[PDB]
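Just the heavy atoms: all of them, side chains too, but no hydrogens, waters or symmetry mates, feed the values below. Residue numbers begin at 1 in each chain, while the letters A, B, ... track the order of the sequences.
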Amino acid sequence: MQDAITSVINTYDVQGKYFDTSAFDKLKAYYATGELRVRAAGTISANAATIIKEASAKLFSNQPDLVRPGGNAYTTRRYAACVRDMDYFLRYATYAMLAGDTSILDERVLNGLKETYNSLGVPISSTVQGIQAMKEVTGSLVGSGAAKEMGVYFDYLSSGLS
Amino acid sequence: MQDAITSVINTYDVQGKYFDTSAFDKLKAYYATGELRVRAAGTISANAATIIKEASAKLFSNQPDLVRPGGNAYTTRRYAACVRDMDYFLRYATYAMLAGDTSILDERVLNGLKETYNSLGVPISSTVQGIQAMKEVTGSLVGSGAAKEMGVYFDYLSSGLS
Amino acid sequence: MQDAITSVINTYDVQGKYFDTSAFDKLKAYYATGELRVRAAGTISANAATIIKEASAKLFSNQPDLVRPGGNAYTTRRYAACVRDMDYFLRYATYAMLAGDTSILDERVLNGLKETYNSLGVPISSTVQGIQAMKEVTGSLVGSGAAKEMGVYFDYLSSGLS
Amino acid sequence: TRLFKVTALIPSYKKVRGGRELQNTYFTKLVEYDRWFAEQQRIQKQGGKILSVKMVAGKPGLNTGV
Amino acid sequence: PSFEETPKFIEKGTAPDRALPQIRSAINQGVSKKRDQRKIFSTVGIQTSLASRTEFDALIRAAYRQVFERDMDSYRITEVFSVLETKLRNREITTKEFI
Amino acid sequence: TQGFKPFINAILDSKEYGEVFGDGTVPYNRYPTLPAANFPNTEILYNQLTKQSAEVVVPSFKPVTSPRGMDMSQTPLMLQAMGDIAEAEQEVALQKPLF
Amino acid sequence: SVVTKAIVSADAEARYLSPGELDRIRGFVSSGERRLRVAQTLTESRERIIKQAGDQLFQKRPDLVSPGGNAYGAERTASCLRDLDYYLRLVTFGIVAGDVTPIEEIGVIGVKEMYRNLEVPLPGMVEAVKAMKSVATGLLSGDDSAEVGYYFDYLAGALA
Amino acid sequence: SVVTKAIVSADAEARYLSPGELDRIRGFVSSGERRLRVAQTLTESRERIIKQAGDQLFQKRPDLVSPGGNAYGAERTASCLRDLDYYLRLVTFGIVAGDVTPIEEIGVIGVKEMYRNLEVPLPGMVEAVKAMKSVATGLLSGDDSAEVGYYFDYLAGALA
Amino acid sequence: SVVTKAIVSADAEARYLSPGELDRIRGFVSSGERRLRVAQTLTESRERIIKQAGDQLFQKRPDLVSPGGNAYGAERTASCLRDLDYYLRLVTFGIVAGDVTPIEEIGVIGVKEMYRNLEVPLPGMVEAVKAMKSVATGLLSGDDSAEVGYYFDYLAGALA
Ligand SMILES: CCC1=C(C)/C(=C/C2=NC(=C\c3[nH]c(/C=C4\NC(=O)[C@H](C)[C@H]4CC)c(C)c3CCC(=O)O)/C(CCC(=O)O)=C2C)NC1=O
Ligand SMILES: CCC1=C(C)/C(=C/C2=NC(=C\c3[nH]c(/C=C4\NC(=O)[C@H](C)[C@H]4CC)c(C)c3CCC(=O)O)/C(CCC(=O)O)=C2C)NC1=O
Ligand SMILES: CCC1=C(C)/C(=C/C2=NC(=C\c3[nH]c(/C=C4\NC(=O)[C@H](C)[C@H]4CC)c(C)c3CCC(=O)O)/C(CCC(=O)O)=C2C)NC1=O
Ligand SMILES: CCC1=C(C)/C(=C/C2=NC(=C\c3[nH]c(/C=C4\NC(=O)[C@H](C)[C@H]4CC)c(C)c3CCC(=O)O)/C(CCC(=O)O)=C2C)NC1=O
Ligand SMILES: CCC1=C(C)/C(=C/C2=NC(=C\c3[nH]c(/C=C4\NC(=O)[C@H](C)[C@H]4CC)c(C)c3CCC(=O)O)/C(CCC(=O)O)=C2C)NC1=O
C-alpha cells in the first residue's frame, strides 16, 4: 500500500523525474489536511463500537431477513462475523483516510473479497448497504469536512464490492 | 531427478528387462562423454561471475529500458534479482549438462516459471534474450563441442520459457 | 523498560497518590536534562562506528592476546562477535541515557549475560575493560557534562558484568 | 513422565547476526516427553551444549498415565 | 551566449514516456509490497512478564492471526489458551511451543 | 498412519522450521524464491482469504520421469562418443591374433 | 512515555534514534512544563471533577443506583466514585507521560475480566468516563482540553 | 513514509492507530512544509551538486577515470554521474517521506550485488556519496544540513 | 572435511552411510597423500610466498603503504603481512581438509565486519589474495596449481 506521499514519490520514481511544482502542490495539499485526517481518525477510533452499533442496527432494521432464520446473518456465529466484517471496513476506511489513498483498500480488503463472499453465500448488495450505513453514522460523528473525505473511501469500498 | 544412467535404468525398468547390448552401448556413450562434461562444468564454475557480468551487459545494452527508471530491472532489488535469475539459469544448465539429461530443467527450473514471471511482470522475451547472451558467452569459454552441448540445455530453457 | 517519567509514575501509582510538588519537581529536573540527553544521543548516533573503532582498538592494544590464536577474539567470527557486543553495549547505553534510567540495561542486556558468557567462555574482565575503553572514548565526543551522565550507565553495565 | 525442563546453550557458528540473539542462545524451556528425543537431537545438531534436563510434571518409572 | 548543453548524465538516466496506465503497472510490477510492508513478531525481550506486557500480548495475537489466519475472538481463543499464554509470558515455553 | 498431531509435530520439528523461525518468531509468509513454482503456489495461498476456495492449489506434481521423443541420442557429443566406442572396439579387435 | 516508545521503536529495528524521533523527544520535553501544569490543574480539582462526573453518571443512568444496580447502597456508590478517582489519576499520569501507556498498563489491560468479576457494566464505565471527560475538559483551555480529551476518548474506547 | 509505517504497524496488530501514533503523524505533518522547502532547495540545484560531487570524487579517485578505470571515458563518466543523480533523487524523496524508506527500497537492498556485477568499486561509491553529502549540505542552513546528512550517512553506511 | 560432511548428511536422514558415500570417502582418503604433498610444498615456501605477495601488493597498490594508507608504517605493514600469513595457513588447512570449510570457519565468517572495524579496504584484500595465489601457483607444478588456486579463488570471492 501507498499513502499520498509515497504515491507521489512512486509516480516520480517510475518516471525518473525530480519533484516539479505539481508534485510539491500535491504534497502541500496532503500536509494541509493532515490535522483533519488525524483528528477524524482519533474520533472514529474512540467511537468504533458505537458506529458499528448504529450501522448494524440500521442494516438489520431495513433488512430484517438477514438475522432471522434462513438469513446469512442468522446465528450468533454469523452475526458476529457480519459485525466483524463491518469493523474491518471501518478500520480500513480509517486507514485509507489517514493515508489519503485508496491503495490499501484494493490491496488489503477488496482483493478476493467478491469471490469469497460468492463462495460463502454472503449477500454483496446487503454488505454494500451496511457499508453505506457506516458512511452515514461516521459522517454524523466526525463532521461534514471529514465526513465527505471518509465517504470517499466508503464509496470506494461500495463500488469495489458492487 | 534423472541423468543419462537413470534414464536408461528407467526405460529398462518399465519393461522389466535386464540390460541388453543397446543399453550397455548407451551407458558406454555417456561414460565416454563424462570427461568432457566434467571439464565443461569446472570451466563454467570457475567463470560463472564473468558469464553473468557479460551476459547481463549485453542484455541491458540491447534493452536499455529494463534499467531505466520504471523498468523491470530498475532498482537494486530488481537488478540483483535479475542477475540472480541469470545465475540460477547458468547453474541449472550446468547441472543438466553434467547429468546429460534435461529432466532437471523441467523439474527445478521450468515448472511454474512462466506464470511466476507473468504474475511479477518480468518480461519473458527479455529473459530469453539474457539466456541467449549467456549461451554465447559460455560457448566461447568451454570450446566448440562443449559449446554445442551447452547450447542444447540453454535452448531447452529458452524454449520452455517461450 | 521504564524511563524517569515512568519511574515517577510507578512510584506514585504504588502508593496511589496524585502528583504533588515533589513529583513535579523531579519531572522538571528530567525535562531540564532532556535537551542535553537528546544532543548527546544524536552525537553518539552520528559517531557510533567511530567510537566502536577506537574502543576496540584500545581493548586489543591493551590486551593483544585476545586476538592472537588462543584468544577468545581470535577468528573473524569471534572478532566480529566481540565488536558486535561492544556496539550493542554502546547502543543500549545511549538508550539508557536518553531514557534517564538504567532499567533497560538489566531488562535487555544483563538478563542472562553471565550465564551466556561463562558457558561460551567469554572472559568477563576483558569485556569490562572494553566497557571502560568505550566509556573513555565516548566521553571525549559527547562533551564534559554529558560524559559523566553516559559514564553512569557505562559503569552500570560494567558492574552488572563484573 | 510428560515433561522435561531443559536448560541449554546454543552458540552460533554459521554467521554473526544483526539481531541480539541473547534470547535464543541460553534458554530454559518445558518440552513434553515424546518431543524430547527430537528436541534434543535438534539441539545437538545445531551445535549446542545441553546444560541440564529435569523432571517436573510426571514421575519416573510410571507405567500408566504416560 | 555561453551555451550550456544538457549534461550527459541527465540523458543517461531518463525514463521512456509513460501514460497513467503504464505508470500504474510500473509501480506495482515485481514482488508485492506486502513482502516489506509488514511486521515480524519475535520474543526479543527476556525480561519478566511484569513489564513489556503489551508486546507479549501483541505477539500472542499475531500468533493467533498466523495460525488461524485471522482473529478468533468468537471462539474464545484467549480462554482456550489462557494457561498457554500464561506459560509464554512467564517464559516457561518459547514461541515455537506456543505455536 | 498417525493423524493430525503427529503431522503438525513433523512440520514443527523439521529442520526448516528451526532454521527459518527458530524458537522465538511467529511464522510468516516467506515469498520463497526457491524451489521452482514455490513462489506462485505460496502467493496463491497467501492471496486467498479464509474459506475463499476449497480447491487444492497443489494436488500433486506432474512427474518428469519420461518425455515423448527427444531421445538425445542424436546429440552431437553423444554422436562423438558413439564414434569413439567404435574405435575402442576396433582396437580390441586388433588386439586379437591376426589369424 | 514518548521517550520509551521512541526507544522501543529504535530497538525493534536495532538502530540509534533517527532525527525524527529525537525531534519528537525534543518537542515532548519542550511541552513538559505545560503538561505538568495541566496535570496539576486536574489534580487540584480532583473532588469537584469526581463528584460532578458521579452526579451526571447517576442522572443519566439511575438504574446503577437503583435496587438491582451495581452502585446501589452507600458503600457501592463510594467504591464507584473511588474507581472514578482511580481513572482520573491515571489520566493525569498519561498527561505527564505524553502517552496512554500508564492508563493502558494500570487500568485497561484486563479491565473487562475485572468488571465481569464485579458485575460492573461496561456501558456504565464508558458513560462515567465520558461524563468525566466533559467535566474535566470544561476546566481547561482549548489547546489543553483537546489534548486531555484524547486521553479520555482513548479510555472510553478502551472500556467499550 | 511515516504515515505508511504507522498504518502498517496498526494493521499488524489489527487495531486502530494509537494516540501516540496519531501524535507522531501530527508531528510529521506539522514539519511537512519545512521538509518540502529542503527538498525543493536540493532539487533546484541537481546539476550543480552532481557536477561538483563528480569533480571532488574524481580528484579523490583519479583512477576511476583513468584508462582502464570503471568510469573512464565520457559515456562511463556520464553513467557514474547518473548514478549520483539517482541517489540525489532518492535522498530528496526520503526528505519528503520523512524516513529512509524510499532510499532503502529503491537504492540499497541488493546494491552490493548490483555493483559487484557491474565491477563498480564500493569505496568509490562511498566517496561519491560523501562528496554529494558535503556539496548538498553546503547549500543548506544548519538545521536542514543535519537532517539531509542523516540520509546521506544512511546511504554511505549502506554502501560500506 | 569430506568425511564430516558425509557423516552429517547421513545423520540428517538418521541412516548409515550408503555405499556411494563410503566410496566417496574411499576416493578422499586415496587423494589424501597428494593433498598432504601439496600442503607440505606450500608450508615449506612460507616466507617466499609472503615476500613476493607483499611486494606485488605494495607495488600494485602503493596507496596502502603511502601516507594515509591503512598499512602505513612498519607495524601496520607488519600486520598486513601477518594477515597474509594467516590466510596462507588457512589455505594449507583447506588443502589438507579437501574443502574450504576450515577457511570458512576461521577466516571468512564475519570478515567484512572485522575489516570494516579495522578500516581495511576489501579490494586490497582481494588483490593481496590474488598475488598470493599467483606466487603459490607459480611455485607449484601444473597439477597442484589448479587445486591450490581453487581455494584462493574461494577466499577472494569471500572477500569480494
Ligand atoms: C480485512 C479484509 C477482510 C474481509 C473484508 C473479510 C471478509 C470475510 N467475511 C467472512 C465471513 C462472514 N461475513 C459475513 C457478513 C455478512 N453477513 C450479512 O449477511 C451481511 C450482508 C454481511 C456483512 C455486512 C458473514 C455472515 C460471515 C459468515 C459466513 C459463514 O461462516 O458461513 C470471511 C470468512 C472467514 C472468517 O469468518 O474470518 C471473510 C474472509 N476478511 C478479511 O480478511
Ligand atoms: C535507483 C537505484 C539504481 C542504481 C544506483 C543503479 C546503478 C547502475 N549503474 C550502472 C552502470 C555504471 N555505474 C557506474 C558508476 C561507478 N563508476 C565509478 O566507478 C563510481 C565508483 C561509480 C559511481 C559513483 C558506471 C561507470 C557505470 C557504467 C558501467 C559500464 O559502462 O560498463 C548500471 C547498468 C545499466 C545502465 O548503465 O543503464 C546500473 C543499473 N541502478 C539502479 O536501478
Ligand atoms: C543485546 C544484548 C545481548 C548481548 C550484548 C549479547 C552478547 C552475546 N555474545 C555472544 C558470543 C560472543 N561474544 C564475544 C565477545 C567477547 N569475546 C572477547 O573476549 C571480548 C573481550 C569480548 C567482547 C568485548 C565473542 C568472541 C563471542 C563468540 C563466542 C563463541 O565462539 O561462541 C553471544 C552468543 C551468540 C552469538 O555469537 O551471536 C551472545 C548472545 N547477547 C544479547 O542478547
Ligand atoms: C531456479 C528456477 C527459478 C527461477 C529462475 C526463479 C525466478 C524468480 N524471479 C523472481 C523475481 C524477479 N525476477 C526478475 C528477472 C529479471 N527481470 C528483468 O526484466 C530480466 C528480463 C529478467 C532476468 C534476465 C526480476 C526483476 C524480479 C523482481 C524482484 C523483486 O521484485 O524484488 C522470483 C520471485 C521471488 C524473489 O524474487 O525472491 C522468482 C521465484 N525462481 C525459481 O525457483
Ligand atoms: C585467522 C583469521 C584472522 C584474520 C584474517 C584477522 C585479521 C586482523 N587484522 C588486524 C590488523 C590489521 N590488518 C591490516 C592489513 C591491511 N592493511 C592494508 O590495508 C591491506 C589491504 C591489508 C593487508 C593485505 C592492517 C593495516 C592492520 C592494522 C589495523 C590498525 O592498526 O588500524 C587485526 C587486529 C588485531 C591485530 O592487529 O593483531 C585482525 C584481527 N584476524 C584473525 O583472527
Side-chain angles (χ1 to χ4, degrees), chain A residues 1-21 23-49 51 84 87-88 90-101 103-105 107-109, chain H residues 1-47 49-50 82 85-86 88-99 101-103 105-107:
Chain A
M1 61 79 71
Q2 39 176 36
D3 63 358
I5 309 293
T6 52
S7 197
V8 186
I9 290 176
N10 281 345
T11 63
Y12 280 74
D13 194 48
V14 304
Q15 294 190 98
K17 295 188 296 198
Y18 275 72
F19 282 148
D20 59 349
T21 187
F24 288 112
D25 288 333
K26 320 188 143 179
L27 293 172
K28 293 182 183 292
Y30 181 69
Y31 285 134
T33 67
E35 294 293 328
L36 188 153
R37 298 167 186 282
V38 164
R39 185 177 64 247
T43 288
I44 288 153
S45 174
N47 303 58
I51 294 159
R84 187 277 309 277
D87 189 358
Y88 278 157
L90 189 55
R91 190 159 55 82
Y92 277 94
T94 306
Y95 291 154
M97 190 267 307
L98 269 180
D101 189 337
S103 178
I104 194 172
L105 297 180
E107 175 212 32
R108 301 290 178 89
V109 191
Chain H
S1 171
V2 171
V3 176
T4 294
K5 181 69 176 177
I7 292 174
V8 160
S9 296
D11 197 349
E13 297 53 63
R15 43 159 179 100
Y16 278 87
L17 276 79
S18 55
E21 268 169 299
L22 293 178
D23 198 77
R24 199 175 318 133
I25 295 176
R26 253 186 288 268
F28 158 82
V29 166
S30 68
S31 55
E33 294 294 328
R34 164 187 78 70
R35 277 177 306 101
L36 289 186
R37 296 291 184 269
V38 178
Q40 211 162 349
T41 300
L42 286 189
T43 302
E44 294 294 328
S45 58
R46 61 176 290 175
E47 313 212 350
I49 290 172
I50 292 302
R82 183 262 294 146
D85 202 2
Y86 280 172
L88 198 160
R89 184 157 56 78
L90 281 71
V91 167
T92 72
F93 290 163
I95 287 167
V96 308
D99 54 348
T101 289
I103 310 175
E105 294 294 329
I106 302 150

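Here H/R26 pairs with H/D23 in a salt bridge; the nearest charged N to carboxylate O distance falls below 4.0 Å. Ion pairing between a basic and an acidic side chain is recognised when a charged N comes within 4.0 Å of a carboxylate O; H/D99 and H/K5 show no such pairing.
Neither the backbone nor the side chain of H/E21 comes within contact range of chain A; no heavy atom of the residue lies under 4.5 Å from a heavy atom of that chain. Proximity to chain A is absent for every atom of H/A6, based on heavy atoms less than 4.5 angstrom apart. Contact of H/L42 with chain A is not made at all, since no heavy-atom distance falls under 4.5 Å. Proximity to chain A is limited to the side chain of H/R37, based on heavy atoms less than 4.5 angstrom apart. Using a 4.5 Å cut-off between heavy atoms, A/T94 touches chain H through its side chain atoms alone. Interface remark: H/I106 contributes side-chain atoms only to the contact with chain A (heavy atom separation under 4.5 Å). Contacts of H/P102 with chain A are made by side-chain atoms alone, with heavy-atom separations under 4.5 Å and no backbone atom involved.
Chain H forms the most heavy-atom pairs under 4.5 Å with one residue out of A/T6, A/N10, A/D20, A/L98, and that residue is A/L98. When A/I44, A/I104, A/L90 are compared by the number of non-hydrogen pairs under 4.5 Å with chain H, A/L90 comes out ahead.
Ring pair A/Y31/H/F28 is perpendicular by interplanar angle, where above 60° counts as perpendicular and below 30° as parallel. Classification of the A/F24-A/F19 ring pair by plane angle, with boundaries at 30° and 60°, yields perpendicular.
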